[PDB]
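J.: One structure is given below, represented as structure tokens, and several questions about it will come after.
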Amino acid sequence: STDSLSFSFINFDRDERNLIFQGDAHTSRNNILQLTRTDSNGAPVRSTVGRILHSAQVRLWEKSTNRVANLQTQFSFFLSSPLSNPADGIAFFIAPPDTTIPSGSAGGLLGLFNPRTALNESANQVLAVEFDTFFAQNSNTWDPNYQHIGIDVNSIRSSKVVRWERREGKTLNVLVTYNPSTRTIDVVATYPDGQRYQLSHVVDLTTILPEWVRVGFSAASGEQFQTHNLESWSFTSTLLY
Amino acid sequence: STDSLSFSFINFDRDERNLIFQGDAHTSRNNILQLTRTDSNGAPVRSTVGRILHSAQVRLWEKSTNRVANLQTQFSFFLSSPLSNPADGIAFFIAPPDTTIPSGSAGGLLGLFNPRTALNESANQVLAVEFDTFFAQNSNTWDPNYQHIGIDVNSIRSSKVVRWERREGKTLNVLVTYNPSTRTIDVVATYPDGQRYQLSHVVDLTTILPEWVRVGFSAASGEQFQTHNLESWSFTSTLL
Ligand SMILES: CC(=O)N[C@@H]1[C@@H](O)[C@H](O[C@@H]2O[C@H](CO)[C@@H](O[C@@H]3O[C@H](CO[C@H]4O[C@H](CO)[C@@H](O)[C@H](O)[C@@H]4O[C@@H]4O[C@H](CO)[C@@H](O)[C@H](O)[C@H]4NC(C)=O)[C@@H](O)[C@H](O[C@H]4O[C@H](CO)[C@@H](O)[C@H](O)[C@@H]4O[C@@H]4O[C@H](CO)[C@@H](O)[C@H](O)[C@H]4NC(C)=O)[C@@H]3O)[C@H](O)[C@H]2NC(C)=O)[C@@H](CO)O[C@H]1NC(=O)C[C@H](N)C(=O)O
Ligand SMILES: [Ca+2]
Ligand SMILES: [Ca+2]
Ligand SMILES: [Mn+2]
Ligand SMILES: [Mn+2]
């Protein structure tokens, strides 16, 4: 009785037919999705980007009946690094279906933006929820001066941020929703001990993205590095109104 | 949580990016999916096959672990025709991801089989649930002598059938499930007045289909014809 699409992964098998793997994204022998490159011992390496998109296209709206999609997605990730200042982060993102890794998008651009246009909203079509671990003010000039979760609308400079603490190796469980009635992106992220982070932003997704999109994850490292380990992912979209 | 995939169409838009259209399959201005060919006034015509598959592949089973999927799908369709003996039928089906319309598959082969291998189980990889309106024993030599619902396992000759009544322009609502614990396909179908049909068959899908499959619908006409109009479709599969 609705138009809808849903999928869930509890781990990531070696030859997954419904995922589009980009750049350095790969799977580990224990079915964890590794977004960024590792060496032969599984250690993270510099200057790497990897992404995945689900192959099923999501319809963001349907005009003739004035419907717009809601969206709900849950995912779990952890990060590992020997460094004091591990980098760069992982993001959930929504983009056109033919989206590809931009040139120059490693480091603090998180695999999402070209350096030429990273701060230029008119040149991009992307909504991302970022988990940003590296904020050095002399390179990541757009960042607040702390680790943070952000909502990114056509730019690596987030519209809203909240202070966040990276915890070496610990799973962060995230819920992201879009409510088309209030035009609100809501983010809730919780560590296993119950420590919670919340962030929201009003953005009408129909004004920034095309009718059909793909959804997925991106991660990068620059001169500093970490593994970006995606453990599980569920997603649902329903046309409403 | 689980490894699962679900989708639902309450009707069909002119633009549906996650469907693979094969042969004569197309959408109507009224957001109905029309499987078989029509003329310029929307009247059905002879000798036509159309199919749709969802673009998302379904993991039916995993060889390394022996995990197997359950499946549930619900759909609704209606048929229309000027003919006293309209033909040939519509089927839900499950097949390998690269499945295409076989040559010679119009008429009573429902877009699913080639004439030389339609009864050779070793040559096919398909599970279908057919809604068969044309049973002439002199051409459809594999059919029971009445309209019927059938469960087809690598053959156009159904493994099980139940008598069924075609109703011009009326919607049949259908549920098809696969239960991997009992290895049973079950089918329940109803018309708007409550008239009910049920059929089941025990078949281990892991014996007839590869690990990754696609799902969708096929329909055909031969010398006799009708439109095959898919109104809605929902699907869910979970790998246990
Ligand atoms: C010389 C000699 O005697 N040779 C013998 C051969 O003639 C025998 O061949 C068989 O003859 C049968 C009788 O004529 C044929 O049955 C008829 O087949 C018609 C065509 O079937 C099509 O269309 C069907 C409907 O859509 C579809 O279900 C079929 O599957 C088939 O479509 C094929 O399918 C193929 C896959 O299998 C596919 O590759 C093809 O692409 C596809 N074709 C197309 C174009 O897409 C069928 O229409 C006939 O049905 C009508 O007639 C029966 C009564 O006979 C009625 O019960 C039906 O309701 C229907 O009636 C019609 O309905 C209309 C609509 O309401 C109405 O307008 C009409 O007025 C009414 N017509 C009538 C007559 O009432 C029917 O089933 C059969 O197809 C032939 N088989 C083959 C393989 O060609 C042959 C085998 O029996 O045997 C020969 N005899 C000998 O060899 C003896 C001796 N050794 C010798 O002489 O040599
Ligand atoms: Ca940063
Ligand atoms: Ca038949
Ligand atoms: Mn940031
Ligand atoms: Mn039959």
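Residue names in the structure tokens use chain letters A, B, ... in the order shown, residue numbers from 1 in each chain, and ligand numbers from 1 in the order shown.
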Could you list, as a PyMOL selection string, all residues that come within 8 Å of ligand 3? Count only C-alpha atoms and all ligand atoms.
T.: chain B and resi 87-89+107-110+132-136+140+142-143+147
J.: With a cut-off of 8 Å and counting only C-alpha atoms, select all residues of chain B in contact with chain A and give the selection as a PyMOL selection string.
T.: chain B and resi 1-11+17-18+55-57
J.: Mind listing the residues within 10 Å of ligand 4, only C-alpha atoms and all ligand atoms counted, as a JSON list (two decimals) with N, CA, C and O atoms, in the first residue's frame?
T.:
[["chain", "number", "residue", "atom", "x", "y", "z"],
["A", 88, "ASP", "N", 40.58, 10.44, 8.11],
["A", 88, "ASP", "CA", 39.89, 11.74, 8.16],
["A", 88, "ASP", "C", 38.44, 11.65, 8.63],
["A", 88, "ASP", "O", 37.93, 12.60, 9.24],
["A", 89, "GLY", "N", 37.81, 10.52, 8.39],
["A", 89, "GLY", "CA", 36.42, 10.32, 8.78],
["A", 89, "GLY", "C", 35.61, 9.53, 7.79],
["A", 89, "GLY", "O", 36.08, 9.23, 6.67],
["A", 108, "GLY", "N", 40.72, 15.55, 4.09],
["A", 108, "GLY", "CA", 39.57, 16.21, 4.73],
["A", 108, "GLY", "C", 38.34, 16.42, 3.87],
["A", 108, "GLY", "O", 37.32, 16.84, 4.37],
["A", 109, "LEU", "N", 38.45, 16.15, 2.58],
["A", 109, "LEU", "CA", 37.28, 16.19, 1.69],
["A", 109, "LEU", "C", 36.47, 14.90, 1.71],
["A", 109, "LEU", "O", 35.39, 14.87, 1.09],
["A", 110, "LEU", "N", 36.97, 13.87, 2.41],
["A", 110, "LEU", "CA", 36.20, 12.66, 2.75],
["A", 110, "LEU", "C", 35.68, 11.85, 1.56],
["A", 110, "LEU", "O", 34.68, 11.12, 1.70],
["A", 129, "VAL", "N", 26.13, 13.01, 6.12],
["A", 129, "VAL", "CA", 26.26, 13.05, 7.59],
["A", 129, "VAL", "C", 27.66, 12.52, 7.90],
["A", 129, "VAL", "O", 27.97, 11.33, 7.69],
["A", 130, "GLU", "N", 28.53, 13.44, 8.32],
["A", 130, "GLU", "CA", 29.93, 13.10, 8.53],
["A", 130, "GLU", "C", 30.30, 12.88, 9.98],
["A", 130, "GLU", "O", 29.76, 13.54, 10.88],
["A", 131, "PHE", "N", 31.25, 11.98, 10.19],
["A", 131, "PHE", "CA", 31.89, 11.69, 11.47],
["A", 131, "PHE", "C", 33.39, 12.02, 11.26],
["A", 131, "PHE", "O", 34.15, 11.23, 10.69],
["A", 132, "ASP", "N", 33.76, 13.23, 11.71],
["A", 132, "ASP", "CA", 34.98, 13.92, 11.26],
["A", 132, "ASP", "C", 35.91, 13.89, 12.48],
["A", 132, "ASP", "O", 35.66, 14.54, 13.49],
["A", 133, "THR", "N", 37.04, 13.18, 12.31],
["A", 133, "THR", "CA", 38.01, 12.97, 13.38],
["A", 133, "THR", "C", 39.22, 13.91, 13.33],
["A", 133, "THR", "O", 40.07, 13.87, 14.25],
["A", 134, "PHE", "N", 39.32, 14.72, 12.28],
["A", 134, "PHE", "CA", 40.56, 15.49, 12.04],
["A", 134, "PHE", "C", 40.18, 16.89, 11.63],
["A", 134, "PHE", "O", 39.48, 17.12, 10.65],
["A", 135, "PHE", "N", 40.64, 17.84, 12.45],
["A", 135, "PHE", "CA", 40.11, 19.21, 12.42],
["A", 135, "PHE", "C", 41.20, 20.30, 12.44],
["A", 135, "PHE", "O", 40.92, 21.49, 12.73],
["A", 140, "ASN", "N", 42.22, 21.80, 7.48],
["A", 140, "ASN", "CA", 40.77, 21.63, 7.42],
["A", 140, "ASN", "C", 40.17, 22.97, 7.85],
["A", 140, "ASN", "O", 39.59, 23.09, 8.93],
["A", 141, "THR", "N", 40.33, 24.01, 7.01],
["A", 141, "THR", "CA", 40.06, 25.39, 7.41],
["A", 141, "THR", "C", 38.58, 25.65, 7.63],
["A", 141, "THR", "O", 38.21, 26.59, 8.33],
["A", 142, "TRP", "N", 37.76, 24.78, 7.06],
["A", 142, "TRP", "CA", 36.28, 24.85, 7.15],
["A", 142, "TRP", "C", 35.71, 24.23, 8.43],
["A", 142, "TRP", "O", 34.49, 24.40, 8.70],
["A", 143, "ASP", "N", 36.53, 23.52, 9.21],
["A", 143, "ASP", "CA", 36.05, 22.75, 10.37],
["A", 143, "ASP", "C", 36.03, 23.57, 11.64],
["A", 143, "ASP", "O", 36.85, 24.45, 11.83],
["A", 144, "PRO", "N", 35.14, 23.20, 12.58],
["A", 144, "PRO", "CA", 35.26, 23.69, 13.94],
["A", 144, "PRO", "C", 36.53, 23.06, 14.55],
["A", 144, "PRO", "O", 37.00, 22.05, 14.01],
["A", 145, "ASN", "N", 37.03, 23.59, 15.67],
["A", 145, "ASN", "CA", 38.32, 23.10, 16.21],
["A", 145, "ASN", "C", 38.17, 21.96, 17.23],
["A", 145, "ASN", "O", 38.67, 22.00, 18.36],
["A", 146, "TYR", "N", 37.45, 20.93, 16.81],
["A", 146, "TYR", "CA", 37.27, 19.74, 17.61],
["A", 146, "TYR", "C", 36.69, 18.68, 16.69],
["A", 146, "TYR", "O", 36.16, 18.99, 15.60],
["A", 147, "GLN", "N", 36.75, 17.43, 17.15],
["A", 147, "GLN", "CA", 36.06, 16.33, 16.45],
["A", 147, "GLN", "C", 34.56, 16.56, 16.52],
["A", 147, "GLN", "O", 34.05, 17.15, 17.45],
["A", 148, "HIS", "N", 33.87, 16.14, 15.48],
["A", 148, "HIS", "CA", 32.44, 16.53, 15.33],
["A", 148, "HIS", "C", 31.69, 15.61, 14.40],
["A", 148, "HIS", "O", 32.26, 14.95, 13.52],
["A", 149, "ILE", "N", 30.37, 15.60, 14.60],
["A", 149, "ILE", "CA", 29.43, 15.08, 13.63],
["A", 149, "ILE", "C", 28.88, 16.32, 12.90],
["A", 149, "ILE", "O", 28.63, 17.37, 13.52],
["A", 150, "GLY", "N", 28.74, 16.22, 11.58],
["A", 150, "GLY", "CA", 28.16, 17.33, 10.82],
["A", 150, "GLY", "C", 27.15, 16.91, 9.77],
["A", 150, "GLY", "O", 27.15, 15.78, 9.28],
["A", 151, "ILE", "N", 26.26, 17.85, 9.45],
["A", 151, "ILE", "CA", 25.36, 17.70, 8.32],
["A", 151, "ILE", "C", 25.84, 18.64, 7.22],
["A", 151, "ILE", "O", 25.95, 19.87, 7.41],
["A", 152, "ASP", "N", 26.17, 18.04, 6.08],
["A", 152, "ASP", "CA", 26.81, 18.71, 4.95],
["A", 152, "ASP", "C", 25.79, 18.81, 3.82],
["A", 152, "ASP", "O", 25.23, 17.78, 3.37],
["A", 155, "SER", "N", 28.49, 20.97, 0.40],
["A", 155, "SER", "CA", 29.70, 21.60, 0.84],
["A", 155, "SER", "C", 30.33, 20.78, 1.95],
["A", 155, "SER", "O", 29.63, 20.20, 2.77],
["A", 156, "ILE", "N", 31.66, 20.77, 1.98],
["A", 156, "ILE", "CA", 32.43, 20.18, 3.11],
["A", 156, "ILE", "C", 32.37, 21.01, 4.41],
["A", 156, "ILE", "O", 32.73, 20.54, 5.49],
["A", 157, "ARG", "N", 31.94, 22.25, 4.29],
["A", 157, "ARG", "CA", 31.68, 23.10, 5.44],
["A", 157, "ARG", "C", 30.25, 22.77, 5.87],
["A", 157, "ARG", "O", 29.29, 23.06, 5.12],
["A", 158, "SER", "N", 30.13, 22.15, 7.04],
["A", 158, "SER", "CA", 28.84, 21.67, 7.52],
["A", 158, "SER", "C", 27.90, 22.82, 7.84],
["A", 158, "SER", "O", 28.33, 23.87, 8.31],
["A", 159, "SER", "N", 26.61, 22.60, 7.58],
["A", 159, "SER", "CA", 25.54, 23.52, 7.98],
["A", 159, "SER", "C", 25.32, 23.55, 9.48],
["A", 159, "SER", "O", 24.98, 24.62, 10.03],
["A", 160, "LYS", "N", 25.41, 22.37, 10.12],
["A", 160, "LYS", "CA", 25.31, 22.21, 11.56],
["A", 160, "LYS", "C", 26.31, 21.18, 11.97],
["A", 160, "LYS", "O", 26.61, 20.24, 11.19],
["A", 161, "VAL", "N", 26.87, 21.37, 13.15],
["A", 161, "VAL", "CA", 27.79, 20.41, 13.76],
["A", 161, "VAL", "C", 27.47, 20.26, 15.21],
["A", 161, "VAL", "O", 26.82, 21.16, 15.82]]
J.: Which residues are close to stretch 172-175 of chain B, i.e. within 6 Å by only C-alpha atoms, leaving aside same-chain residues fewer than 4 positions away? Reply as a list in words.
T.: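 Here the answer would be residues 73, 74, 75, 76, 77, 187, 188, 189, 190 and 191 of chain B.
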J.: Pull N, CA, C and O atoms from the residues just selected and write them as a PDB file, in the first residue's frame.
T.:
ATOM      1  N   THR B  73       5.927 -12.559  -1.532  1.00  0.00           N
ATOM      2  CA  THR B  73       5.576 -11.538  -2.524  1.00  0.00           C
ATOM      3  C   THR B  73       4.075 -11.468  -2.642  1.00  0.00           C
ATOM      4  O   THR B  73       3.374 -12.478  -2.539  1.00  0.00           O
ATOM      5  N   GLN B  74       3.584 -10.262  -2.811  1.00  0.00           N
ATOM      6  CA  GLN B  74       2.167 -10.021  -3.033  1.00  0.00           C
ATOM      7  C   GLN B  74       2.019  -9.208  -4.277  1.00  0.00           C
ATOM      8  O   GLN B  74       2.836  -8.314  -4.543  1.00  0.00           O
ATOM      9  N   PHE B  75       1.011  -9.527  -5.089  1.00  0.00           N
ATOM     10  CA  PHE B  75       0.797  -8.740  -6.321  1.00  0.00           C
ATOM     11  C   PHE B  75      -0.667  -8.793  -6.740  1.00  0.00           C
ATOM     12  O   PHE B  75      -1.447  -9.628  -6.280  1.00  0.00           O
ATOM     13  N   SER B  76      -1.043  -7.916  -7.654  1.00  0.00           N
ATOM     14  CA  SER B  76      -2.403  -7.936  -8.153  1.00  0.00           C
ATOM     15  C   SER B  76      -2.353  -7.654  -9.631  1.00  0.00           C
ATOM     16  O   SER B  76      -1.503  -6.888 -10.099  1.00  0.00           O
ATOM     17  N   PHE B  77      -3.238  -8.312 -10.371  1.00  0.00           N
ATOM     18  CA  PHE B  77      -3.307  -8.141 -11.834  1.00  0.00           C
ATOM     19  C   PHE B  77      -4.739  -8.327 -12.322  1.00  0.00           C
ATOM     20  O   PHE B  77      -5.592  -8.960 -11.668  1.00  0.00           O
ATOM     21  N   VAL B 187       0.712 -20.601  -2.387  1.00  0.00           N
ATOM     22  CA  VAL B 187       0.043 -19.596  -3.206  1.00  0.00           C
ATOM     23  C   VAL B 187      -1.371 -19.467  -2.708  1.00  0.00           C
ATOM     24  O   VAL B 187      -2.050 -20.484  -2.576  1.00  0.00           O
ATOM     25  N   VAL B 188      -1.803 -18.248  -2.402  1.00  0.00           N
ATOM     26  CA  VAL B 188      -3.205 -17.972  -2.102  1.00  0.00           C
ATOM     27  C   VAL B 188      -3.651 -16.793  -2.976  1.00  0.00           C
ATOM     28  O   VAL B 188      -2.944 -15.786  -3.067  1.00  0.00           O
ATOM     29  N   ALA B 189      -4.808 -16.928  -3.636  1.00  0.00           N
ATOM     30  CA  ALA B 189      -5.266 -15.915  -4.574  1.00  0.00           C
ATOM     31  C   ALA B 189      -6.720 -15.681  -4.319  1.00  0.00           C
ATOM     32  O   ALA B 189      -7.442 -16.642  -4.087  1.00  0.00           O
ATOM     33  N   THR B 190      -7.125 -14.425  -4.354  1.00  0.00           N
ATOM     34  CA  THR B 190      -8.556 -14.064  -4.190  1.00  0.00           C
ATOM     35  C   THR B 190      -9.074 -12.996  -5.129  1.00  0.00           C
ATOM     36  O   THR B 190      -8.365 -12.086  -5.475  1.00  0.00           O
ATOM     37  N   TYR B 191     -10.339 -13.129  -5.509  1.00  0.00           N
ATOM     38  CA  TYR B 191     -11.032 -12.109  -6.275  1.00  0.00           C
ATOM     39  C   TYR B 191     -11.800 -11.171  -5.350  1.00  0.00           C
ATOM     40  O   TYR B 191     -11.919 -11.465  -4.161  1.00  0.00           O
TER      41      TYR B 191
END
J.: Name all residues at most 12 Å from residue B:159 (count only C-alpha atoms; drop same-chain ones fewer than 2 positions away) and give them as a list in words.
T.: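 Selected residues are residues 119, 121, 127, 128, 129, 130, 142, 143, 144, 149, 150, 151, 152, 153, 154, 155, 156, 157, 161, 162, 185, 199, 200, 201, 202 and 203 of chain B.
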J.: Which residue gives the smallest distance to residue B:239 among B:28, B:105, B:137, B:65, with only C-alpha atoms counted?
T.: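 So, comparing all the options, the nearest one is B:65.
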J.: Name the closest residue to residue A:72 among the candidates A:193, A:211, A:204, A:186; distances are taken between atoms, counting only C-alpha atoms.
T.: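 Closest to residue A:72, using only C-alpha atoms: A:186.
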J.: Return the single residue from A:225, A:61, A:191, A:93 that is closest to ligand 2, with distances computed using only C-alpha atoms and all ligand atoms.
T.: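 Distance minimum relative to ligand 2 lands on A:225.
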J.: Please extract the residues of stretch 125-168 of chain B with a backbone DSSP assignment of strand (DSSP E) and present them as a VMD selection string.
T.: chain B and resid 127 to 132 148 to 153 160 to 163
J.: With C-alpha atoms retained, export the selected residues as a PDB file, in the first residue's frame.
T.:
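Full text of selection-v6.pdb as output:
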ATOM      1  CA  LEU B 127      10.425 -21.400 -10.386  1.00  0.00           C
ATOM      2  CA  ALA B 128       7.167 -19.913 -11.626  1.00  0.00           C
ATOM      3  CA  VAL B 129       3.598 -19.451 -10.319  1.00  0.00           C
ATOM      4  CA  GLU B 130       1.386 -19.278 -13.379  1.00  0.00           C
ATOM      5  CA  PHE B 131      -2.145 -18.000 -13.985  1.00  0.00           C
ATOM      6  CA  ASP B 132      -2.971 -19.952 -17.127  1.00  0.00           C
ATOM      7  CA  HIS B 148      -5.669 -23.148 -13.681  1.00  0.00           C
ATOM      8  CA  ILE B 149      -3.060 -21.814 -11.287  1.00  0.00           C
ATOM      9  CA  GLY B 150       0.140 -23.865 -11.384  1.00  0.00           C
ATOM     10  CA  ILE B 151       3.559 -24.135  -9.692  1.00  0.00           C
ATOM     11  CA  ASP B 152       6.210 -24.697 -12.377  1.00  0.00           C
ATOM     12  CA  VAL B 153       9.631 -26.212 -11.507  1.00  0.00           C
ATOM     13  CA  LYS B 160       0.861 -28.964  -9.053  1.00  0.00           C
ATOM     14  CA  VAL B 161      -2.309 -27.292 -10.351  1.00  0.00           C
ATOM     15  CA  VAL B 162      -5.657 -26.086  -9.026  1.00  0.00           C
ATOM     16  CA  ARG B 163      -8.641 -25.193 -11.160  1.00  0.00           C
TER      17      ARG B 163
END
J.: Could you give me, as a PyMOL selection string, the residues within 9 Å of residue B:204, counting only C-alpha atoms and dropping anything in the same chain fewer than 3 positions from it?
T.: chain B and resi 180+182-184+207-208
J.: Kindly indicate which residue among B:12, B:146, B:164, B:197 lies nearest to ligand 1, using only C-alpha atoms and all ligand atoms for the distances.
T.: B:146
J.: As an exercise, work out the distance from atom CA of residue A:36 to atom CA of residue A:92 in Å and give it to one decimal place.
T.: 14.5 Å
J.: Would you kindly return, as a list in words, each protein, DNA or RNA residue with an atom no farther than 8 Å from any atom of residue A:46, considering only C-alpha atoms and excluding same-chain residues fewer than 2 positions away?
T.: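 The residues satisfying every condition are residues 44, 48, 221, 222, 223, 224 and 225 of chain A.
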J.: Calculate how many Å separate atom CA of residue A:98 from atom CA of residue A:25, rounding to one decimal.
T.: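 A separation of 17.1 Å between them.
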J.: Tell me which protein, DNA and RNA residues are within 7 Å of residue B:53, counting only C-alpha atoms, leaving out same-chain ones fewer than 2 positions away, and put them as JSON, numbers by chain.
T.: {"B": [19, 20, 21, 51, 55, 214, 215, 216, 217]}
J.: The selected residues should be written to file as a PDB file, in the first residue's frame (atoms: N, CA, C and O atoms).
T.:
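The result, stored in part_3.pdb:
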ATOM      1  N   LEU B  19      13.504  -1.359 -12.364  1.00  0.00           N
ATOM      2  CA  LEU B  19      12.940  -2.480 -13.115  1.00  0.00           C
ATOM      3  C   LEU B  19      13.654  -2.654 -14.444  1.00  0.00           C
ATOM      4  O   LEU B  19      13.997  -1.673 -15.142  1.00  0.00           O
ATOM      5  N   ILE B  20      13.888  -3.900 -14.785  1.00  0.00           N
ATOM      6  CA  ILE B  20      14.413  -4.308 -16.069  1.00  0.00           C
ATOM      7  C   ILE B  20      13.239  -4.735 -16.923  1.00  0.00           C
ATOM      8  O   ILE B  20      12.581  -5.719 -16.625  1.00  0.00           O
ATOM      9  N   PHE B  21      12.996  -3.995 -17.994  1.00  0.00           N
ATOM     10  CA  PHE B  21      11.940  -4.319 -18.946  1.00  0.00           C
ATOM     11  C   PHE B  21      12.472  -5.181 -20.083  1.00  0.00           C
ATOM     12  O   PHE B  21      13.495  -4.853 -20.710  1.00  0.00           O
ATOM     13  N   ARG B  51       8.310  -9.208 -20.083  1.00  0.00           N
ATOM     14  CA  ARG B  51       8.684  -9.583 -18.715  1.00  0.00           C
ATOM     15  C   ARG B  51       9.262  -8.347 -18.023  1.00  0.00           C
ATOM     16  O   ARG B  51       9.755  -7.437 -18.682  1.00  0.00           O
ATOM     17  N   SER B  55      15.743  -4.936 -10.523  1.00  0.00           N
ATOM     18  CA  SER B  55      17.199  -4.790 -10.706  1.00  0.00           C
ATOM     19  C   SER B  55      17.999  -5.352  -9.562  1.00  0.00           C
ATOM     20  O   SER B  55      19.119  -5.822  -9.780  1.00  0.00           O
ATOM     21  N   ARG B 214      17.119 -13.304  -9.796  1.00  0.00           N
ATOM     22  CA  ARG B 214      16.207 -12.189  -9.921  1.00  0.00           C
ATOM     23  C   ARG B 214      14.776 -12.700  -9.849  1.00  0.00           C
ATOM     24  O   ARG B 214      14.500 -13.893 -10.093  1.00  0.00           O
ATOM     25  N   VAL B 215      13.893 -11.770  -9.522  1.00  0.00           N
ATOM     26  CA  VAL B 215      12.460 -12.057  -9.433  1.00  0.00           C
ATOM     27  C   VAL B 215      11.685 -11.079 -10.308  1.00  0.00           C
ATOM     28  O   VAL B 215      12.119  -9.931 -10.553  1.00  0.00           O
ATOM     29  N   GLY B 216      10.520 -11.516 -10.781  1.00  0.00           N
ATOM     30  CA  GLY B 216       9.646 -10.648 -11.565  1.00  0.00           C
ATOM     31  C   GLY B 216       8.457 -11.386 -12.167  1.00  0.00           C
ATOM     32  O   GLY B 216       7.963 -12.342 -11.566  1.00  0.00           O
ATOM     33  N   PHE B 217       7.995 -10.914 -13.338  1.00  0.00           N
ATOM     34  CA  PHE B 217       6.790 -11.389 -13.995  1.00  0.00           C
ATOM     35  C   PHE B 217       7.033 -11.578 -15.487  1.00  0.00           C
ATOM     36  O   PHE B 217       7.797 -10.851 -16.101  1.00  0.00           O
TER      37      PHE B 217
END
